[PDB]
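Included below are structure tokens for two forms of one protein chain, each presented in isolation as structure 1 and structure 2.
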Structure 1
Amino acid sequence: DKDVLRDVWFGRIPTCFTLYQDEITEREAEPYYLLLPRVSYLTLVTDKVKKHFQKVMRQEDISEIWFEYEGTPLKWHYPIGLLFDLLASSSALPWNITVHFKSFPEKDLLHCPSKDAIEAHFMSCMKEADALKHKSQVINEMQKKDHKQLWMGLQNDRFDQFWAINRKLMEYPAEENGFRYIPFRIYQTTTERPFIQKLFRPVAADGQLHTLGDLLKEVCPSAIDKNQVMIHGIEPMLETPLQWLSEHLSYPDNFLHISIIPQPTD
């Protein structure tokens, strides 16, 4: 199933970056079109965007860049693919993101001062995942050099460099039929909570594997009846084994980010 991993890893989203209209510039700022990696983070891959729009502004107006979609500030610590699936998936391509250098939304966003702040948040997500699966035995048993290769593989978009280490994180003991718990997050646009995260085992008492519907029927019973269950931009069958999804369809942070969105209007 290595072909699925590449398809998930190399997914790209066409995106249109336009400067906010109230920002005062010395000259005209043309929109910057870019293909965003679904598995990476906004603050990571936007260096070309930041330099493009910073050339047209005065240092007096320069500040910490942040992004917004339809009046909603985009959380950079969420994977790009998730933000798109959850928000702009129903609209027309390309994804329209507005660039703001001013009036930072302190309440809704985390400051991303450097690349290290992204690596810090990223490694946290991995540690939290391996704690739910192996009880942090696999991630703690890696040398610090292996932890850097996971990050370097994401930063440099190297599928083999990353999955060389990340394959050890997808393996479980023989006697067991899967992970201890499945790391996942269920996002929904109309719910007050940021997402839904609970403890769910890949195996039932009788030994049968839990499916994607079994999980939803548990932690999100109101989404099955009208709603779309979207992972990496697709709509998997509810009978998909959950253990399989965690291995193959997870993000590089080993979390399964699930979006519940209504059917597109038209």
Structure 2
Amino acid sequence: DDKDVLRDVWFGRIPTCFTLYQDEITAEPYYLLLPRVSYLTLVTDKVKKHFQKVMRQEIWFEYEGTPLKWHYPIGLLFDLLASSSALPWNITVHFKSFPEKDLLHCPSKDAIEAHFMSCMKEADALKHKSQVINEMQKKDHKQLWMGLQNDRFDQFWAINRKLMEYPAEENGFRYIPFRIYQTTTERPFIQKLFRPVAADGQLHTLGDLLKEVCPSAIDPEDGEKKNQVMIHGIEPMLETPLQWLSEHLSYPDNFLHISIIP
């Protein structure tokens, strides 16, 4: 079963309609099928072109009075801001009056690559004391990045499989690379130190994690869900193995990014 779970994480998509704030204020759109596990800037040289003609005269994106961050993965952004919203996704395009106060300057392509490898490294740190990624010659890092950028699933996982192995003697990873985003995008994410297995050898379940680090998402009466707990657009069962979750439904940056919605 597992390999298909991985393929269907990798290829999850978001239908998206870019329209211009100045066409809306004055609405011909650009339709695209955004990869859920990529980042805006990575696939917005194209958008820059399409509307570059009309750019007679520094481009950012927005959604219902909310700038969209260049370094959160697309899928997480959708899940967190607009899961219940009707499709296709309506992203406003603004190339004037950049929100420096409420937005990071648009990263280059290399600056994103920086963030991506930096996240992969912060992940292998918590997973294997950095012993796995460090070993890798620079070319392997580049293979990871180019496999993401070019949607080459096979290429990318050829290298990532090593990063999802763990010692025989252990029942999983050291800690789990995870981030939890709550009410809004401007709300900080949550990251903590959690072990895949407890003292008694029991494998930890997502339910255990949310009970520990985020109990406000647990009905204190029946121990079941109080809010929506979304990952890659679905809601797994609170009794799902966190070790397995990390191995199979992390974003390519090896994190379990987890949206929480009331």
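In this text, the rigid core denotes the largest set of C-alpha atoms whose superposition between the two forms falls within 1.5 Å. Just so we're on the same page, residue numbers count up from 1 along structure 1's sequence.
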**Request:** With the core superposed, find the residue in 140, 124, 191, 177 that moves its CA 2 Å or more between the two structures.
**Result:** 191
**Request:** Keeping the rigid core fixed, work out how far the Cα of residue 11 travels between the two structures, to one decimal in Å.
**Result:** 0.6
**Prompt:** How many angstrom apart are the two C-alpha positions of residue 102 between the two structures, if you fit on the rigid core?
**Reply:** 1.1
